[PDB]
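Letters A, B, C and D mark the chains in the order given here, with residues in each chain numbered from 1 onward.
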């Protein structure tokens, strides 16, 4: 077959493809650019390249841990399970090197992804090739075959000891697969959606901890490699501590201890570096370790300063309220009422509701405000018998207000400018020469003055912690010009009060 | 009786209940949902659940300190005061496990608190049950009864030593009460109002210090437990230091030292971990300790950057003023006057007075501005003989201005746009062809040009550090259309000057 | 005399007095409230209390360094120069205790400073009295006189050794003068103007370094005091190190080393605390030292993040410009021109010129803008022959614009909306059917279309990096209604071009 | 010749000269102020002073490394290659001292650069002269000639040992060239354009690392100098460690270790400072090292908090969206749609497009918006047949909107206020009593209601993730008054629908 593997090479339809391209037709035009780019070409957003590069991450983390251990702590390991492990690993890192000449390269300077196989070839050779070519081919296994052709007797003389010390240096060229480890994680963590939705301070602090553990692991093997290459001199940490003929569990464990002590800021065990090699390795690990630890405090600080923001923003605003009250020296009763205001108005979290609504689409501002005001719509007798466009056009105009008990919301004998809807609590309409009356959750007041452009006719005073909704004059005249049929309903209720008045 | 205990199960009336629900009637509807939820059901905001969970915090902090000490440092403690201490403690952690099936669960996805006892049951079993069931029942005391039924002779053989080493591992299942310690502090610190009013950087840094001391205490017992379970091998820190047969005061004290050295970044006393157990415990404590210490620097930095904000905001603004003056290379006399401006205008603290007033309710902006301008109202002869709505409608329009001596506030022969009230100091009305005259604290100028829409008639020049109040034209015409009776008083005073002119 | 000392008790006239009170008359009313408050009363802002509390800072820093040294490191020092040093010091700390009942107390809840001597007395006894009464009287010298009356033979028995160990504990009550050290620095650093003008991050980091050196000095004496009070046990750091009979230079030096090692995160010299006293002192100093060091990183971070702000603000804005250009994938030539824009428009520092001007007084916006545009005023032939109010009313309207070479500033055949003044460089007026002409620094263009409300008549194209000034139509019509005499001058020049046209 | 060297003394024409002065003529006036300032005067921005001060940076870094090494670790080095190295170095630091009296001094208080050679002379002597005069002349080589004249026999007695210990103290006066190292880097890093374009957090952290390595290098020589000047006492670190007669490779290496341990927070190798000199040097290096390390954490934190800003700003906004949705307890379907909104509207990066465009010049807003809308212009049939000023005046008015599928963009029977252009996807015009029809990328809807000022005539419902462009009424009436010829084209298309209707 030739069809079913072409579906893996071209970017399929999911959420990511849509996000990258817009409509589904833009993906369908992209899926035809893959097939028209030549035979057997890989698109980088496709499902093959995502699940190929996932298996290479599970192979590099295998070979960046097992390789620097099996070179040092085993003084001769050329058994069958080890060489097969290196040949199988060298197979995938050649196939990965082959498939990089067929993968499209994302250019951050144009809107196109290059799928011409020659332009892919000329960009890969210039930027990351030799680091991915040295780490691909088995360099150590070539050199033993080449030195076999150079000299047949290179296994008997005193040169043979130098070659084996030269061989383990060449097999550390396979640690250049960190360059493919780093690139295939930055490309993975953006595409993978659960890491794309995490905060960037959480993502970078995981990449650091994965790097601090890996550098401490390589350093732990390097504290044992450099004395081992020097045939364990009589001043090296390994000799004095008498760790030449222990198991490879302890050697590595003690070496990891020394590296972690040098890095994490602790002091080594009274073995003041006494040999030049040891002094310069410890000074290497002290500088490397204290730099990675100071970058760990930098990420941990940036993570903490973006944990709990709204509350921070509520308290930073209220601290400016507190210092404003002491600058003008308010009485402590008015300081108590203003502190009773913010925890009843804002309830501990301060959002900027105007911008959060305004960035959204209209069809979503109509949906949120129709959800936030369901306790007002279902309780009022006005809104259950109205046009649903009228209800949505009303609720977008309102603004939320809080009045403490004892406050005069409307003073009689002023010019009216707002209309009030009662969400919570009861108020007291105080009438000149008549009995006071209460209004409940769902009654509305402040409409007589807006229909006549006159002055206020009665006092309104809060009794509970009333949470009201305000409607200005300019919005009230604008809504009725759209819907003149709902104008007469307010004229009916305003006829009733002026009757009672 | 059955009545008086029902008053503890339902949420009573206080500030917290009102804050959570709004009006008192919303609490009264909530108190009937408790009684209609079945027999003997606990509401989580009620006064029983607050003072039950306060006693459990005073019991868990007892049992998360005494239990990890009395297991390790006492090689056999099955006396009467110890077992009674564990049976009494296991009674409350079963009753706490029973009462969790009757407490309402706060859902952060709906507006309702579930009080149906079956839906409480099906949520508690899924999230935090087995951690609260293992830590509830005495697991170690069951296993001795079970092993008694398995083998009657399990106290004489060499298996008996293995069982006692197996017994102390099971009694460390009681350290899972940290999961109930953490949950019952987050629920406590939000309800308790003196911790709800503290900053979140102060709250999280207390929870960290309580956790750093507890982890250092468990680590201090763990440095002694793991050698004790291994029958004190001849390489363990305890042997070399010769601390096998000291008092349990020293054993614990020396162990706490070792843990604090490993954590707080210091180095241990020349005892380079020489036994695998000791190497991996020290490496455990170095990673745990340096992570908690780096999080301590992160909270201490976030606390310091939100200590003194206004002044920070005054100085960050004035540093932008300083660099603006050096960018344009002002003369040093004008740099001196502008530095004399900010400390007389702002006095070292810079508030944003417009937003701090604007977030409040109108009945509070009328109360603050009527307090801030009492020195202006009581000193002017205008305001003591006026309507109190007129005084409040005037004072909401004014804006605060500062003029240094020598400055010309009003130049003669321009178009007038503002009116001035004198709070502090004296000015000099310079008249074309007449003698200069002074105006004092409470006189007002700049009203002749607003009544006639003409041009300026005289010069006004500052003599002291005058703090004035400004009133624009558009506000001045608006206030007089409300109150035309106060229009004639300004016409009387403007008749006097033009007479003197 | 009784007059000349009254001038020290009342707050004199300087910059600070004026800043605290406003006009000089407000100081003169304050100077009469001092004299009318009773006989011999101290005002806290006066020149006596400033220079009294300056000498006490130079005495407390003497006695918080010399006292904790001379108690410990001298096993018996009751010589004449030592006791005279303590009696002279105890004289000033009684007089300072007497003068605190006559100093006015600043209340942060009212606008008044209390000068009633009874209300001063009732506030001082409640808040800071016993800490200033214990540290005032010589407590150790009383106890030797009292024990002389208790038992005449208290110098011969074995009780006499216990009394001398009890005596040095009582003389450490004089370290409560830190409470007067801290209060008299917070009151000093606000009044002293060179510390009031420093940043608060610079002030708090100096108070910390003064506290870290003092805590390390007390800790250095405490590492030697507690073994000295225990008669130097055979496990104490002093014995093992063999420092019992050295000079008091070394004892103190070695002790300061140990304290600094425990605090600054280093490890002590192989002397793992081997005595309970030593373990709990080292654990005391490790917690105290690592807490003060973590607060040092917190202040050093907050200092660095407010060093270089404008440039930070220029680069944080331009980084948003850089990521905006790569998000839309601009060509690299347009990326080069936009990078050439910001360094010619903003020149590396980005100020918010609108708010920095707007917070100032008008008489200062008239003075700065008349300084920033002196190269425009002196070079134009228009402004040197005009009214100085007209020049100031023109320059407040202008806005600053930058055009790169090749740009078309004005395209012929559009509706004109702005007028241009040339500060730097030359432009090319391209005329339909006529020869191009240049305009120099001080010529102006874009006024023909504003006098006729017609359309554009010619093209204008930049040749150099022109820095222009823009004047809108609405401002241009407004200025000419004030000054109609300068309207005809632009009509003359517009007559010339239309002649040449 | 005298001409060709004058071209190096005067500031040439490049980007920096233009940035500092404006137009090229302003440079040409500056190049004549150099020649008119006297004979042979150096302008500080010129190409001679840039490449002179670059060679001195490559000489000071030579002599601040080689000098503190060759003094200490060589107990007598007066060979020919050493003295020639000091005489050649003392030649350039005299010529650099001579050329500082001819270089113009930048004054941060005026707009002029002083080129009068007397005012250059009187400013250099007051600020940085004696530090540049002591470090210039060979002070040690004078003192041997002077002491030769004082006493001819000063080489034989016991005074001769004191003179050689006095000689190495005088040759450390050459470390005052750090004052010329610091000044010539701040002047270099501003002029050099690749360091002027880096962030200031990146620049200051490189200057710190260059200072931390240099202070650790001087400290490493100071740990060996002070015992060497004291003839290696029997308690000094050098003796006990037995490092008196090793090579100068080890001496220096071991000393650098000790300094780095004291600074980087590690502990020294069991050599608890046992000699007063050693105690006070270690305490010197602990305070110096922990201060430079705490400043390293401060810069590393400030670097991390300005790495990835836009995404931070996208996520900090969306976290406020997340907490707003849980505060009002939205259903999880509406939480899913709003999360589908932001990643389709903003695509993970949130720019403030209004301010980023508004700070630019008009000729650049015309160029960017003509680039961002090329997919709209080339696809619509309207824009390919229009005036290019009309296309640019249209595209500056549009605003970008996103509608999810199922949303009703336009509801039939409302008042029309906007016009829509389709960039991506298809919509469904739902017609009362007629068949639905689709519109594609480049068709436009919402123009019938704007030409008649009537109400909406049909429903429009989204089908894909439509990215639209909005055009308001007030902008639509304004553009047609400029171009009435394009008014009739929309009237033609609106005639077609009302025909189909």
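Please note the rule applied: contacts are C-beta pairs under 8 Å (C-beta built on N, C-alpha and C of every residue); 3 or more make two chains touch, one makes a residue touch a chain.
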Legend entry - Between the pairs A-C and A-D, the one where more C-beta pairs touch: A-D
Legend entry - Degree value of the rotation bringing chain C onto chain D, based on Cα positions, nearest 5: 90
Legend entry - Separation of mean Cα positions, chain D and chain A [Å, integer]: 26
Inset, instruction - Would you mind pulling out the distance in Å between where the CA atoms of chain A average out and where those of chain C do? - result: 36
Legend entry - Per-residue overlap in chain B, given as positions that touch at least 2 other chains: 265-267, 270-271, 297, 301, 305
Inset, instruction - Going by the contact rule at the top, pick out the chain C residues touching chain D in the complex. - result: 241, 249-250, 253-254, 256-257, 260-261, 264-271, 293, 296-297, 300-301, 303-305, 308, 311-312, 315-317, 319-321, 323-324, 327-328, 330-331, 334, 337-338, 341, 343-345, 347-348, 401-404, 407-409, 411, 413-415, 424-425, 464-465, 467
Inset, instruction - Report the residues of chain B in contact with chain A in the complex, numbered from low to high. - result: 18-19, 22-24, 26, 196, 199-200, 262, 265-267, 270-273, 276, 279-280, 282-283, 286-287, 290, 294-295, 297-299, 301-302, 305-306, 309-310, 349, 351-353, 356, 359-361, 363-364, 367-368, 371-372, 389, 482
Inset, instruction - In the complex, go through chain C and note every residue touching chain A. - result: 108-111, 265-267, 270, 297, 301, 326, 329, 332
